[PDB]
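Just so you know, structure 1 and structure 2 below are the same protein chain in two forms, each on its own as structure tokens.
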Structure 1
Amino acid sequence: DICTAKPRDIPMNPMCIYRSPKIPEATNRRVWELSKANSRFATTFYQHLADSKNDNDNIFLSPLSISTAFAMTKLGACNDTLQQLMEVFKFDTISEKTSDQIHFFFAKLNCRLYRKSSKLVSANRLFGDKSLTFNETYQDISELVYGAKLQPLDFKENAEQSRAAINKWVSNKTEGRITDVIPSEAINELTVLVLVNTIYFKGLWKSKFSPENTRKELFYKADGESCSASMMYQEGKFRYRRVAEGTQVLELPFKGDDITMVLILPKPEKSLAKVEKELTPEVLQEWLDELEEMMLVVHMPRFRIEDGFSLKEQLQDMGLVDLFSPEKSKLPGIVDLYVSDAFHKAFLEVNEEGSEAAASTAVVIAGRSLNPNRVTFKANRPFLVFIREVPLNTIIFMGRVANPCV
């Protein structure tokens, strides 16, 4: 029960440490600085990701999930492998106690969230070759702080036999929602260590849409053409705000209020690309603060964004080079050993009931008469998505709906 535990409880200290040359109610100040760091990595990682994709492509990922995974390697990392790891994931920007116990505080953070009607649900695990003897202590720390210890498999001789085993463990742990996490030809005979983290969300809208009001409507893609979308519609009070250069910021809370979705819709004349490059941990928080309740009309499309990519190339571009290099990798705490590949997979499906909800609810509203000048948030062009937890402001999922059609 890593949740209700304290650092000194189960002693877990990293073989190598790295030293670089206000707080919400009912919250542990350690978990807070860490969460704020995930954010500095979230926007930087999303920007690099966006800039390398076509504007008409959707995106979705869990920056939190990816951060926890690579925190599990920071544990046994050493030398340049550890520095790059710290600088790339913005870990070098926190205090020493939290830094050395970075893995523990992640388990704490994830506890707080994996506890807050709306259920999260993931499958994270490291796979290493059986031919290697794994440092038992690291194994014990992971087992307790990361759900399970590193699982050994025979890649050396059973590459495909093992690659099927991994794609099976995720399916069984995600009720069949995340499949084929690892695409064939990914794990071969020289595969020694593989990172895997998948996740999706189950939740209901605090304020539901009625399927009776959903209509087919044009959605204007970045290419200049338009396609047919299923546009949901509803009226009510929502934390909203028209910010800089006409960009609209809407917040649709999930049942419980602790977790919500934030949409960033730019004005017709401004490309989502310009918003993506102006995005910063600050600017975002700045918008969220200005959010003010209001009675508005909400036009939003039903959509499903599935994104299963290999963090490797992306992260190498970002500077995490050694962790992937056979000749430069330094992971003395896990055994040379290096990361052959890292696979992340998350998906989001939004509809009238909520996220991953398979039911229907009509909606009857009598005695209502709103102001004729009320505003209307109409997401009929590309928009950014954030699934976050309040009041920590932790970014759990982040993505883009560039095309909700078909």
Structure 2
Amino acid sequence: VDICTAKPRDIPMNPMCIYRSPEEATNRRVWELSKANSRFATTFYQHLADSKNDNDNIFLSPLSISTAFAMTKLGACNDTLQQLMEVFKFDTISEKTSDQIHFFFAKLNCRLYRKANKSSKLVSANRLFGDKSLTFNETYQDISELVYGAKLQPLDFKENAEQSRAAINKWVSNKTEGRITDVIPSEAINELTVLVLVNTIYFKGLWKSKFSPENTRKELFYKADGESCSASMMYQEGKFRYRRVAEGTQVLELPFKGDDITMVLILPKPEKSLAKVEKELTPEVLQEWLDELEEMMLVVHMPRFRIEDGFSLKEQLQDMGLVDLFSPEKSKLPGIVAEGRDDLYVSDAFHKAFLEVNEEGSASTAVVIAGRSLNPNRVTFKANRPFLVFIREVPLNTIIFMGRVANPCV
């Protein structure tokens, strides 16, 4: 009995607490949980960017965050349970019970990490690191593994924090082909630390429509602070879903081999600020954008870039309303550690992301286009100023990663 083909009655959730939410050719439910996840994405992204200086890059995987906190929700109760449901917009899947969310989440994960005879690799790993001394709830243990594949590995936080820390770090690294390293700095993890919950997500894809390295050239890129810098600009001409939306902003979709996952770029006209577009980027607008796209012939100028980012999510989430989970006095996670211990709370939550974009990904290729003549009045998309980037799974309308490229220069 595996969850990917299962019906809800085949998977008894038996959650300690339950919250009742108020008020195409894909699964209706996993599509709603998708709408939920994206709602969290743009709102969270809006906050994150507003707390950021305009000349800084931003990269993160909102799906990773939602998954990690959904894993945590499994043992949440009362108001900790409600805030989680509201903050992550799971409560917006009308009348559905908080327990149902996890079934849906598992269904969404099954599709996403298909592992079929595909061309792009999208992998995910989750895991629980509990102190060997503690005794975890049998149900929490079971469900975390059934719904999220998260296994529970015993570690010695009490005596060997440093050794435990290296074990975890080694694990994330391995599950991210080495792109996410020392997630846990030598400082954190002590003795008071009883549980380290972790989600990883890894993606690698090749362009369906090639950017020949031979065409890449240094070009000026215009930062928000009015100055310039030298970027490696990739170039090609060909058909791409595109659309010039409000106030001259250009939305472009670059698919990966398999067409299942794409890269979406949002480039405001030179006159307008990305901050202004960030502020107006509503979940419904973004969906509207994405749905109005149409195949077209254009010239593409896109820098090659590598972005590495990391930050604590605590403060951001608190502003959005996730307060109890972080308060040792208000936090209610009675479902996690078996036998009392009511005062378990999240001390901190960290996100670390990596993004590399270029030709061929990982030089040795070229492209020859013979006998082509395009309209001298073709649409051009020149990303030499700040723009937003998204990496999405189209059939599932899932935002896997998002960010902002304020500075691609070295």
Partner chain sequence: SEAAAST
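Between two forms, the rigid core is the largest collection of C-alphas that superpose within 1.5 Å. Residues are numbered by position in structure 1's sequence, first residue being 1.
Assignment of forms: the chain in structure 2 is the form solved in complex with the partner chain, the chain in structure 1 is not.
When both forms sit on the same rigid core, the CA shifts between the two structures reach 2 angstroms or more only at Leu195 out of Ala229, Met72, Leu323, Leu195. Once you line up the core between the two structures, the Cα of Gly246 stays within less than 2 Å of where it was. In the core-superposed comparison between the two structures, the C-alpha atom of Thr179 has shifted by less than 2 angstroms. Once you line up the core between the two structures, the Cα of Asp257 stays within less than 2 Å of where it was. Core-based alignment between the two structures gives a C-alpha movement of 4.3 Å at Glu157. Lined up on the core, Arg8 has its CA atom moved by 2.7 Å between the two structures. Overlaying the rigid core between the two structures leaves the Cα of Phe209 displaced by 0.4 angstrom.
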